[PDB]
Amino acid sequence: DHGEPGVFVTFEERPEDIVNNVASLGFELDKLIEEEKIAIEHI
Amino acid sequence: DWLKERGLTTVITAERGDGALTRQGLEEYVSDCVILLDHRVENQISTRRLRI
């Protein structure tokens, strides 16, 4: 909505876990992930 | 992660002890769905209660 891209750093769960978590909210994260409108890093 | 990779649904049992939600206190942050079971005595009668 506000046109400010974002980065996510997860130190516990794998990125697909977050993706599936927000799947139900209609947020549809994978779309942004691969559109490069948002980023993820797993450590 | 080995179980997850092999496509396995895992369930684990842990104890509380003196307090907290887990014995070590941090296994709750190394799982995906935490359920707490209680057998509390109110007055003198015990009512078993489960929470997600």
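Listed in order, the protein sequences are those of chains I and K.
All residue numbers for the first sequence refer to the entry's author numbering, where the first residue is 51 and numbers rise by one.
All residue numbers for the second sequence refer to the entry's author numbering, where the first residue is 154 and numbers rise by one.
Cβ atoms here follow ideal geometry from the backbone N, Cα and C, with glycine treated the same way.
Judged by DSSP in its simplified three-state form, K/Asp171 adopts coil rather than helix or strand. The beta-carbon distance between I/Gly56 and I/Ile93, rounded to whole angstroms, is 17 angstroms. This is too long to meet the 8 angstroms contact definition. Its chain contains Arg176 as the residues whose beta carbon lies nearer than 7 angstroms to that of K/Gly170, once the 5 sequence neighbours on both sides are disregarded; these appear in chain order. Relative to K/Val187, the option among K/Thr162, K/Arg204, K/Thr200 whose CA is nearest is K/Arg204. Here K/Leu190 carries a strand assignment [DSSP, helix/strand/coil]. Here I/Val59 is not near I/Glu86, since their CB atoms are 8 angstroms or more apart.
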